[PDB]
Amino acid sequence: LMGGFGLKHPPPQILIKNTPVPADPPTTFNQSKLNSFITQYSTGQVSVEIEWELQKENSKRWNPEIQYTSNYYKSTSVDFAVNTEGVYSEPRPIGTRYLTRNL
Amino acid sequence: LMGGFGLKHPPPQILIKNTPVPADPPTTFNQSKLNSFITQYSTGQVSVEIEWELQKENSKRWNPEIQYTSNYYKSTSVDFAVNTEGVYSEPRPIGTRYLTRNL
Amino acid sequence: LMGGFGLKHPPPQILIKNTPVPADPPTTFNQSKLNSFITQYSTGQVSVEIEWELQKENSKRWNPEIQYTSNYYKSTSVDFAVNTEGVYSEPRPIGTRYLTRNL
Numbered sequence: 636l637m638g639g640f641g642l643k644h645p646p647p648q649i650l651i652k653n654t655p656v657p658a659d660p661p662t663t664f665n666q667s668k669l670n671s672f673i674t675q676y677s678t679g680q681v682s683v684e685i686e687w688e689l690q691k692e693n694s695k696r697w698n699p700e701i702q703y704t705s706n707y708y709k710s711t712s713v714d715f716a717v718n719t720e721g722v723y724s725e726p727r728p729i730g731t732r733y734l735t736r737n738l
Numbered sequence: 636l637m638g639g640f641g642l643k644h645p646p647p648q649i650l651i652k653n654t655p656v657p658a659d660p661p662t663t664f665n666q667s668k669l670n671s672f673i674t675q676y677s678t679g680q681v682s683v684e685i686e687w688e689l690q691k692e693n694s695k696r697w698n699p700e701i702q703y704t705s706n707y708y709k710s711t712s713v714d715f716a717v718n719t720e721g722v723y724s725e726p727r728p729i730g731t732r733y734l735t736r737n738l
Numbered sequence: 636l637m638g639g640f641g642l643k644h645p646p647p648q649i650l651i652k653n654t655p656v657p658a659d660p661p662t663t664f665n666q667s668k669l670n671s672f673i674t675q676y677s678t679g680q681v682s683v684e685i686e687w688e689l690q691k692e693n694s695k696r697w698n699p700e701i702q703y704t705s706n707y708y709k710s711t712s713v714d715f716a717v718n719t720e721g722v723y724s725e726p727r728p729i730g731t732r733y734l735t736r737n738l
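Residue numbers (the entry's author numbering), protein chains in the order written: chain A, 636 to 738; chain A', 636 to 738; chain A'', 636 to 738. A prime marks a further copy of an entry chain.
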């Protein structure tokens with residue numbers, strides 16, 4: 636309902652965790668689980684590749700269609716770009732449905 | 636200068652004419668060229684096929700481009716279509732230069 | 636106009652950057668982009684090799700030509716060399732056009 640493709644078998648969840656590294660244990664045995672750990676974080680890069688299959692338009696419509704277009708006139712900043720402060724923003728929502736087809 | 640492609644050897648001129656059909660000539664010889672002709676016109680169909688080669692866009696531009704689009708809002712008649720009177724008209728001039736490229 | 640060789644396809648730009656390494660993130664999730672990073676710089680060596688093709692002189696001129704020459708007489712320091720302070724300097728501009736050729 637929110638939109639999208641519904642799959643019985645969707646891309647699987649990928650779960651990541653830092654393995655625990657204990658701080659020094661006591662020198663005489665205690666059965667309680669360890670609660671003292673070294674403090675850690677991790678950083679890395681991640682890549683996703685997707686192949687999409689397209690369906691081309693086959694229209695016999697004579698006149699031009701509606702198209703998404705960037706604004707013609709001057710503006711303080713560029714839409715879909717950064718700030719003077721380095722903040723990316725997306726100005727509007729963009730849908731998918733510009734071309735037309737008969738029923 | 637008006638625009639277009641300039642060719643040393645452009646598509647050749649194609650010339651068409653109705654052949655003359657004389658009305659009845661005089662029954663005794665006269666040397667003067669005939670000036671009496673049957674009245675004729677012709678009609679037919681003509682076909683042109685052209686193959687155009689395209690150059691595709693290779694842009695790395697992040698934000699959307701300008702595009703020619705048909706008007707979004709309601710109107711008395713459809714642009715690039717006929718009248719109630721059957722007259723086709725082209726409402727605006729359309730150029731070629733919407734996408735962008737660096738220098 | 637500043638001089639040199641003009642190429643449709645010149646040596647490509649080479650871009651280098653240090654990958655970001657985050658400082659420790661917060662322990663409960665926040666959606667905002669990370670703004671705390673470890674401080675880093677990098678150093679290395681870089682090599683360029685170029686092959687140049689030369690055009691040799693073919694002159695029938697009897698008398699000697701002009702040539703770029705280093706100065707004959709004594710001087711406080713050597714031209715195109717370092718300081719007592721270790722600063723390299725280039726004393727004059729050197730052009731390319733000493734030999735002669737007819738028109």
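For every residue, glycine included, the Cβ atom is placed at its ideal position computed from N, Cα and C.
Inset, instruction - Check whether the Cβ of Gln648 of chain A lies closer than 9 Å to any Cβ atom in chain A''. - result: Proximity of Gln648 of chain A to chain A'', defined by a Cβ-Cβ separation below 9 Å, is not satisfied.
Legend entry - Supposed contact pair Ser705 of chain A and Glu700 of chain A' - C-beta distance, whole angstroms, cut 8 Å: Right, the Cβ-Cβ distance comes to about 6 Å (below 8 Å), so this counts as a contact.
Inset, instruction - Flag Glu720 of chain A'' as yes when its Cβ comes closer than 8 Å to any non-hydrogen atom of the ligand SAH, and as no otherwise. - result: With respect to small molecules bound, the structure shown includes none, and the ligand SAH cannot be examined in it.
Inset, instruction - Just the chain A' side, please: which residues come within less than 7 Å of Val713 of chain A by C-beta, in chain order? - result: Within 7 Å Cβ-Cβ: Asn698.
Inset, instruction - List the residues of chain A whose Cβ lies closer than 7 Å to the Cβ of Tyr708 of chain A', in chain order. - result: Within chain A, no C-beta atom comes nearer than 7 Å to that of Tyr708 of chain A'; the closest sits roughly 11 Å away.
Inset, instruction - Go through its chain and collect everything with a Cβ distance to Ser671 of chain A'''s Cβ below 6 Å, but skip five positions before and after it. - result: Once the five neighbours on either side are set aside, the close Cβ partners of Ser671 of chain A'' are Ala658.
Legend entry - Distance, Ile649 of chain A'' Cα to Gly679 of chain A'' Cα: Rounded to whole angstroms, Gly679 of chain A'' to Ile649 of chain A'' spans 15 Å at the Cα level.
Legend entry - Under the three-state DSSP convention, the category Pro657 of chain A' falls into: Annotated three-state conformation of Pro657 of chain A' is strand, per DSSP.
Inset, instruction - In angstroms with no decimal places, state the Cα-to-Cα distance between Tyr676 of chain A' and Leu669 of chain A'. - result: Straight through space, the alpha carbons of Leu669 of chain A' and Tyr676 of chain A' are spaced by roughly 19 Å.
Legend entry - Backbone CA spacing between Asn698 of chain A'' and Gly730 of chain A'' [nearest angstrom]: Going by C-alpha positions, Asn698 of chain A'' is about 22 Å away from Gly730 of chain A''.
Inset, instruction - For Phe672 of chain A, name the three-state secondary structure that DSSP assigns. - result: In this structure, DSSP gives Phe672 of chain A an extended state, which the three-state scheme calls strand.
Legend entry - Distance, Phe664 of chain A' Cα to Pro655 of chain A' Cα: Pairing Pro655 of chain A' with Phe664 of chain A', the inter-Cα distance amounts to about 20 Å.
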